[PDB]
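Single chain ahead, by itself, as structure tokens, in the form deposited in one PDB entry.
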């Protein structure tokens, strides 16, 4: 044997065999991170008596850092803030960690309504770090250095081919797989096909709708003005013309048809503006599509920024009038049209992250959670069936309110008017949240109601023209299966409309949600059918809908050029300027290169999806419900038969597994080359 002392001497005395620079950081050692935040004064300061003095120790943020180090630092500080929220929510009795018996009367005192003066729709009143009265956003701004190393970054470029090459080289390996890649895996990520497909199977699949006759007539007139006879004939024919309408952004912000969307970002030295500014731009875009009989959604027209009418706007029409159409200009080299698609993507980033995700799943659900906790006692069937879908939701939403919206979304959006905003009330991101919350319709977003209102005959169509809409096909199935389970459970106790109407809690529950919760579209439940649909909607909102709009966040956003949050240059002044656009015009509009603080925009655009990500599923739920109701004797509860709950859970489990097979078929049944849709695989939701 060569003895241990010789193996030790040989390792210490020889040159290094392993170069640490060739081994990128994947995880922060949590203890080293906490020490470094403290060393850099990115920490709460205290008086001698051990209380917080409301300040941070540091006057200014980090001088210097790396892309990878900052990205990981942002995830780490967010996950720390989420841990702090859980701890505070435990301390305050909002979400106890160890189970505690609380009479309803105690819960009415614990769970209060916020008053709206924080700029948010009504949520849990939050009264350690959560003990003060928006400085937590200053701590995050300090983690983003003044400047970073631009070498071997995803934004460096300086060309699109350069960022594409870098993007591909970062993929691991040789549903699980899809998560750790992005749409840039496709060389034709920019294509009409993959652009339009996102409106059916991307992170925002539930807002595309049938174009009204009024809208089609606007686009008929605009095509007449541009002398485009072919596209005018397609619209006049009017065969399955669809719209993604983002024109409401102006109504939502109180912006006039003369005002442009601009975010003027002020560089800060601590709290003090340096005078250096960065401008980002948004657009209330409109996309017109045609759904072909073969199932392929084709984009026909994009209005960059809809300003009251098409007469007062810039509308470009696709050179290609069907999916297979050709012309002497390749899709890759059609820069005016690629610019238009990129603008429409910025619009969908806003609608997705603010409305479809934050409002429609988190803030709507929080009102219902608070209302439920205040009105329905913990012993009740209604509480037992809803509450498991709400585990640690209130604490995560508190973290999101303090950091995500003001610190990230308000920064990379192009609505402004300024970042940081001195007040919430001038800030267009907050107005968009307010408007989206006020204009959410709880019953219209019941899956069967939603699909019909948006003009999709998913129920009965046998043409196969919805084969590229797996969100809709999967959701029709999944809703029906969740409703079946809710039906079996609810009817165990609620044997007639009379039992609903005489219920001590349901009446007050609906009123609490409608008034204090400010969801007047929540039903006044007087029937078993209404009770089933409301409960189905709550479970849908909490689990599969949230999964659908969140699971592939990283896939669709992390390669920023495919779906940027905002434009880095002004819109073209008129249609003439747009038609002259080249590769350089689209590149300048994207956060590519080492100028104009664009590294920060790329970092935060790629980071947001990560912050919203990193057995929380219906199968685990079903097995768990089955298990406790196998263990229950029949005497225990008298309002419902727990053997029926056991039966419902067994049924639900099997129905979910069966549906999982169909979700696969609907994904594989898409037209050749279409991106996979594995987001609802039952042990995913």
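Positions refer to the first chain, counted from 1. The term rigid core refers to the most C-alpha atoms you can superpose between the two forms while keeping them within 1.5 Å.
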Exercise for the section: Say whether residue 174, which has coordinates in the shown structure, is without coordinates in a third or more of the other compared entries. Expected result: yes
Exercise for the section: Report, as yes or no, whether residue 620 is left without coordinates in at least one third of the other compared entries. Expected result: no
Practice task
Could you tell me how many residues of the deposited sequence sit unmodelled between residue 614 and residue 615 (none, 1 to 3, 4 to 9, 10 or more)?
Solution key: 4 to 9
Handout entry: Missing from the model but present in the deposited sequence, between residue 127 and residue 128
Key = 10 or more
Practice task
Could you settle it for me: does 243-251 or 227-235 have the higher average Cα B factor in the PDB entry?
Solution key: 227-235
Fill in the blank from the handout: Taking the deposited Cα B-factors and averaging over 513-521 and over 93-101, the higher mean is found in 93-101
Completion exercise
Per the deposited entry, the peak Cα B-factor within the set 357, 453, 179, 389 goes to 179
Fill in the blank from the handout: Scanning 541, 547, 484, 134 for peak Cα temperature factor in the entry gives 134
Problem - Ranked C-alpha temperature factor of residue 295 among modelled chain residues, by third - result: middle
Practice task
Select lowest, middle or highest to describe the third in which the CA B-factor of residue 268 falls within its chain in this entry.
Solution key: highest
Fill in the blank from the handout: Among the modelled residues of its chain, the C-alpha B-factor of residue 332 falls in the third labelled highest
Handout entry: B-factor third for the C-alpha atom of residue 493 within its chain
Key = lowest
Completion exercise
By the entry's values, the third containing the CA B factor of residue 424 is the highest
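The discussion below concerns the form deposited in another entry, not included here.
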Practice task
Quick one: lay the two forms over each other on the core and tell me which of 142, 317, 349, 339 moves its CA by at least 2 angstroms between the shown form and the other one.
Solution key: 142
Exercise for the section: With both forms fitted on the core, give yes or no for whether the Cα of residue 100 moves by 2 angstroms or more between the shown form and the other one. Expected result: yes
Handout entry: residue 640 C-alpha moves between the shown form and the other one by 2 Å or more, core aligned
Key = yes
Handout entry: Rigid-core frame, C-alpha of residue 626, shift of 2 angstroms or more between the shown form and the other one
Key = yes
Problem - Cα-Cα trend for residue 484 and residue 629, given that in the other entry the distance shifts by 3 Å or more - result: farther
Practice task
Taking the shown form as the reference, report whether the CA atoms of residue 543 and residue 627 lie closer or farther apart in the other entry; the distance changes by 3 angstroms or more.
Solution key: closer
